[PDB]
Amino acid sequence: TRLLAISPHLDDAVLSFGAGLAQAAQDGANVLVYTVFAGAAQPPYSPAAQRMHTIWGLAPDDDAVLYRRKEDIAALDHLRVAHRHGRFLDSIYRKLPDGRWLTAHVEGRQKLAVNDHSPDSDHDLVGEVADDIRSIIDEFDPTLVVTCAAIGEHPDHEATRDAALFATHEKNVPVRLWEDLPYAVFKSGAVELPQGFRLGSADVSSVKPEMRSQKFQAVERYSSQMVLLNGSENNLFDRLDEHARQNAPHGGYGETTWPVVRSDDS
């Protein structure tokens, strides 16, 4: 078993699928977690990115990607799994064809806005990511790929998911999507996939207490994300536990995943 996890950002795979990853490694699978939007970034940073760096406990002009890459390696090392850091820039670092930043801070507004841009630029990014995933599939030869459902509709999550669907389809490799956490605690769960793909029946995993502990300890390695993830209740792990309990009342901890299959008539 060769399991390739494809994470949009440096944290998503562990938050969403860390128990699954840790399980797979125990069961003797060869596990690699490739993060798409782990591309090196350097100043000048946008006001929005500088604001994010501050929220992450860094100075505005710190090399945030380096800090986050080191966190990811610690987290994945804790799960006893391999890492691979991709070349693509997080949405907060990307520019539009016209030279504007992709993402902007709006005075008063907490949530960051995305600037309008052409169909083509979106298409091009997904195409590039798909190219890199195809290359990694050739190199690593996975028997299973897992990536995000993009619950919560983060553009980087949607780009990752779509690129993985295209690449795995072309390469004829089985693929599953995980339930994005903690996003799924606040969103309906429904997603719109690219034409021709659909979700099969959910699997809700059941993992031993030791794996839950390992997952949660691994999440803690992402120091930069802790304040953001815990919120003003300081209750990330409680919310994750409650979410799992909802989906398995007579169970222990678990993670929801769906197989992705081809639609009828496609």
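Numbering starts at 1 and runs along the sequence shown.
Residue 107, present in the displayed chain, goes without coordinates in a third or more of the other PDB entries compared that cover both sides of it.
Annotation: residue 225 does not belong to the positions left without coordinates in a third of the other compared entries; each one with flanking residues models it. 14 to 22 and 249 to 257 differ in mean CA B-factor, and the higher of the two is recorded for 249 to 257.
For the pair 152 to 160 and 137 to 145, the mean B factor over Cα atoms is greater in 137 to 145.
The PDB entry gives the largest Cα B-factor of the residues 85, 187, 176, 95 to 187. Across the residues 170, 71, 90, 131, the deposited record lists the maximum Cα B factor for 170. When all modelled residues of the chain are sorted by CA temperature factor, residue 36 is found within the lowest third. Annotation for residue 108: CA B-factor lies in the highest third of the chain's modelled residues. The entry lists a Cα temperature factor for residue 263 that places it in the middle third of the chain's modelled residues. Residue 228 sits in the highest third of its chain by CA B factor, as recorded in the PDB entry.
Sorting the modelled residues of the chain by their CA temperature factor places residue 53 in the lowest third.
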